[PDB]
């Protein structure tokens, strides 16, 4: 998509992850597992929910067709009346169909962007303490236990804590 993440450098989604839209899969000695990023999923939920409501809201001042009768010598204005009703019905149909097509494209891109942002959040924390495999994963230049993983997930990664053992493993390769 627009942001290269969803169906991009991260090829495919995870059936295993079910409690959120975006998140992590870790893999250490203590074991592996899927886990949802609460912050980014919720933020997205708020955005799309606000979007659906904003779309529903902007359409309440829409046109409402009313029955009007005309006789055999009122054909011109009957026709004018039909053209007007059809006219507005066609305008609001365009307005809804198009608005739906457009926000659908952006909804998709919003998710793509949300994934690329989550990936970068982790990337910018880890720096040289890990290697970018290029498929959405970071292979650590050190051992990252479950609590360290938890540190990455909640944005409190202590780069200098692992800086030295990371450097040592960098230079041996």
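Residue numbers count along the first chain shown, from 1.
Trainee: Averaging the C-alpha B factors as listed in the entry, name the stretch that ends up higher: 143-151 or 108-116.
Mentor: That would be 143-151.
Trainee: Between 117-125 and 31-39, point out the one with the higher average CA B-factor as the PDB entry records it.
Mentor: Looking at the recorded C-alpha B-factors, 31-39 comes out higher on average.
Trainee: Please rank the C-alpha B-factors of the chain's modelled residues and tell me whether residue 58 sits in the lowest, middle or highest third.
Mentor: Answer is highest: the recorded C-alpha B-factor places it there.
Trainee: Sorting the chain's CA B-factors, does residue 65 end up in the lowest, middle or highest third?
Mentor: As the PDB entry reports it, the C-alpha B-factor of residue 65 lands in the highest third of its chain.
Trainee: Would you mind checking where the Cα B-factor of residue 16 ranks among the modelled residues of its chain, as the lowest, middle or highest third?
Mentor: Top third by C-alpha B-factor.
Trainee: Once the chain's modelled residues are ordered by C-alpha B factor and cut into thirds, is residue 6 in the lowest, middle or highest one?
Mentor: Residue 6: CA B-factor falls in the lowest third of its chain.
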